[PDB]
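Colleague: The structure that follows is given in the form of structure tokens.
Cβ atoms come from the backbone with ideal geometry, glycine included; neighbour counts cover every protein chain shown. The values are calculated or read from the model by the stated rules, or taken from the named source; none is laboratory data.
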Amino acid sequence: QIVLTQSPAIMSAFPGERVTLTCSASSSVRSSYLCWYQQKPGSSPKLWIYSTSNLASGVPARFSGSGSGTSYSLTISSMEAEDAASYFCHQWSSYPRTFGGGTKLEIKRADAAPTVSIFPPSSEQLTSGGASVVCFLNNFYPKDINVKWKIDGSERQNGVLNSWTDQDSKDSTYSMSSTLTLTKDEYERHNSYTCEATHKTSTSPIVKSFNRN
Amino acid sequence: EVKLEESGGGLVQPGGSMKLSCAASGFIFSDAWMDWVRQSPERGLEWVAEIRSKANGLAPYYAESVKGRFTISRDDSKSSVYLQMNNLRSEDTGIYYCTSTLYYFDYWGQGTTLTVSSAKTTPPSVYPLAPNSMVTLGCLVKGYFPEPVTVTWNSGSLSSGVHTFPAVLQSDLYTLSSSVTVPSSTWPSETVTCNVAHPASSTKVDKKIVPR
């Protein structure tokens, strides 16, 4: 099988910057059967460039493709916000058809502090003997961020589940959700519940708390 | 427009069988090559199977890992393509896209999720998350299996300021959350409701967010 390698897997770029993504084959691939797909999370991959250099319908003119034999590349002339996505190269010159690992393309923007919101357990979940405290850390940049939970001042790390969104296409920010799950008994045994976020935008953490009283 | 409706996904125990169907519309089905592609977090994008048009052999082609287990077929009279899968493995878990190719142009469906596991299907519990020019509300979708669930707000008309987070698996149960940010004059003045669909359990739950 022809194996395609897209290195690096992740790449950051400035607005207006000329970006280039590479795709390397282990053997020769006919240029007619080398294509590129774009994918944004929660949506299917879309044909972006076909036969090495031909833009699909809807793709803006700042995109281009190039290469031959064993080395191909996709190039964006002026990076824009809507261009932040995953890009896969694909070959069907020799079967089986194979994809590259893909390259995550992220755009840079002015640092932004997270909007933090904390939510106590709902009465419905309590009726079932569980208690989840939720913390949303929305619309921040860069993606590097830390969150920690405190129960009555004591740091907690068990029962914590985190989840991160990919870069937003309109404002280029990131978001995060943290859920601390306890038993109803454990939850009723304490008072202060705290979610604090450490981000590159402040020396002191952003703190959101609530008391069961 | 081109439309490819996939079905047949869901939960299956290891070693079992399942058939995926894809009903096509919006183009001359007999002219197009029909393919199945798979996507998973661990294995990435994988071409699974292909069947060409009658004009050039009607020849099927398969990926190495699925040879002898997967069977691809097409019914031009029904504009449908099918993928029969026998003796399924954990590695077969993923999102399966039906695609169609005419000339160099190709089209992908939204996909259907196939999960190979011995765990049991369980419906989600939907909990409201209620608490200054903006206010943030949310829904916690906990304890469901398998993937996926779909989340909208006010039946899709409230799309701005929404963050639906990827699911997290623990103890064979998935949990995700969704947040929405609205002007403070609009809530609780106007209603805010999250809609959670879990097709594997044939469940849909609407939760109106009301203050505490």
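Colleague: Could you give me the residue pairs with C-beta distances under 9 Å whose first residue belongs to region A:21-46 and is part of a strand (DSSP E or B), whose second residue is surrounded by fewer than 16 Cβ atoms within 10 Å (Cβ to Cβ) and among the aromatic types (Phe, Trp, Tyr) wherever it lies, and which are 6+ apart or on separate chains?
Modeller: A:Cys35/B:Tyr104
Colleague: Still on this model: Residues being more than 9 Å from every other protein chain (Cβ to nearest Cβ) and buried (at least 22 other Cβ atoms within 10 Å of the Cβ): count how many of those fall in region B:100-112.
Modeller: Qualifying residue count, region B:100-112: 1.
Colleague: Could you please let me know if B:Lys142 is part of a loop (DSSP other than H, G, I, E, B) and either at the interface with chain A (Cβ under 8 Å from one of its Cβ atoms) or not polar (S, T, N, Q) (or both)?
Modeller: no
Colleague: Given B:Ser159, B:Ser189, which one is more than 14 Å from every other protein chain (Cβ to nearest Cβ), assigned to a loop (DSSP other than H, G, I, E, B) and of a type in the set (S, T, N, Q)?
Modeller: B:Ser189
Colleague: Ok, one more. Within region A:13-51, can you find the residues that are surrounded by fewer than 16 Cβ atoms within 10 Å (Cβ to Cβ) and more than 14 Å from chain B (Cβ to nearest Cβ)?
Modeller: Once the filter is applied, which keeps residues that are surrounded by fewer than 16 Cβ atoms within 10 Å (Cβ to Cβ) and more than 14 Å from chain B (Cβ to nearest Cβ), region A:13-51 yields A:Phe14, A:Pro15, A:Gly16, A:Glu17, A:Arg18, A:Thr20, A:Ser26, A:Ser27, A:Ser28.
Colleague: So if I check each of A:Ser123, A:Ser154, A:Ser172, which one is small (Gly, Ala, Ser) and within 13 Å of chain B (Cβ to nearest Cβ)?
Modeller: Among A:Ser123, A:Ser154, A:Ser172, only A:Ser123 is small (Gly, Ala, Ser) and within 13 Å of chain B (Cβ to nearest Cβ).
Colleague: Hey, among the residues in region A:52-73 that are farther than 23 Å from A:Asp166 by Cα and within 13 Å of another protein chain (Cβ to nearest Cβ), which one's surrounded by the fewest Cβ atoms within 10 Å (Cβ to Cβ)?
Modeller: So the residue we want is A:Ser57.
Colleague: Do you know which residues across region B:4-18 are part of a strand (DSSP E or B), closer than 22 Å to B:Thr101 by Cβ and either in the same structural domain as B:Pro148 (by CATH) or touching a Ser or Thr at 6+ places or on another chain (Cβ under 6 Å) (or both)?
Modeller: B:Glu6, B:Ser7
Colleague: Would you say B:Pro124 is under 19 Å from A:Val134 (Cβ atoms), touching a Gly at 6+ places or on another chain (Cβ under 8 Å), crowded, with 21+ Cβ neighbours inside 10 Å and away from chain A (no Cβ under 11 Å)?
Modeller: yes
Colleague: Next question. Just one of (1) more than 10 Å from chain A (Cβ to nearest Cβ); (2) crowded, with 18+ Cβ neighbours inside 10 Å trips up B:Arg89, so point out which.
Modeller: (2)
Colleague: What about B:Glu42, is it part of a loop (DSSP other than H, G, I, E, B), farther than 16 Å from B:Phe105 by Cα and within 14 Å of another protein chain (Cβ to nearest Cβ)?
Modeller: Judged against the criteria, B:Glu42 is a match.
Colleague: Being within 18 Å of the chain's Cα centre (by Cα), of a type in the set (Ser, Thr, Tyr) and closer than 30 Å to B:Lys3 by Cα is true for just one of A:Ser7, A:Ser31, A:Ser51, A:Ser43. Which residue is that?
Modeller: Sole residue among the options that is within 18 Å of the chain's Cα centre (by Cα), of a type in the set (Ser, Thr, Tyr) and closer than 30 Å to B:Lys3 by Cα: A:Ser43.
Colleague: Sticking with this one: A:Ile10: closer than 18 Å to B:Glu46 by Cα, out of contact with any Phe, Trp or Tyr (no Cβ under 6 Å at 6 or more places or on another chain) and either exposed (fewer than 13 other Cβ atoms within 10 Å of the Cβ) or within 14 Å of chain B (Cβ to nearest Cβ) (or both), yes or no?
Modeller: So A:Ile10 fails the test.
Colleague: Still on this structure, please answer the following. Quickly run through region A:74-88 and pick out the residues that are more than 10 Å from chain B (Cβ to nearest Cβ) and surrounded by 18 or more Cβ atoms within 10 Å (Cβ to Cβ).
Modeller: Those that are more than 10 Å from chain B (Cβ to nearest Cβ) and surrounded by 18 or more Cβ atoms within 10 Å (Cβ to Cβ): A:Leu74, A:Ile76, A:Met79, A:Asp83, A:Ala84, A:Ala85, A:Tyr87.
Colleague: While we're looking at this one, here's another question. What about B:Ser117, is it more than 9 Å from every other protein chain (Cβ to nearest Cβ) and either surrounded by fewer than 23 Cβ atoms within 10 Å (Cβ to Cβ) or farther than 20 Å from A:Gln125 by Cα (or both)?
Modeller: So B:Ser117 passes the test.
Colleague: Something else about it: It is to be established whether one or more residues within region B:66-77 are small (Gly, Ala, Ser) and either closer than 28 Å to B:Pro123 by Cβ or assigned to a helix (DSSP H, G or I) (or both).
Modeller: No.
Colleague: Based on what the data block shows, is A:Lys148 within 14 Å of another protein chain (Cβ to nearest Cβ) and basic (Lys, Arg)?
Modeller: no
Colleague: Could you tell me which residue of region B:56-65 is nearest to the chain's Cα centre (by Cα), considering only residues that are in a helix (DSSP H, G or I) and at the interface with another protein chain (Cβ under 10 Å from one of its Cβ atoms)?
Modeller: B:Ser65
Colleague: Then there's this: So which residues in region A:50-97 are hydrophobic (A, V, I, L, M, F, W, C) and more than 28 Å from A:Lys108 (Cα to Cα), if there are any at all?
Modeller: Answer for region A:50-97, where residues must be hydrophobic (A, V, I, L, M, F, W, C) and more than 28 Å from A:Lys108 (Cα to Cα): just A:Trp92.
Colleague: Go through region A:132-194 and tell me which strands (runs of 3 or more DSSP E), entirely inside it, have 1 or more residues that are crowded, with 22+ Cβ neighbours inside 10 Å.
Modeller: Those strands (runs of 3 or more DSSP E) span A:174-183.
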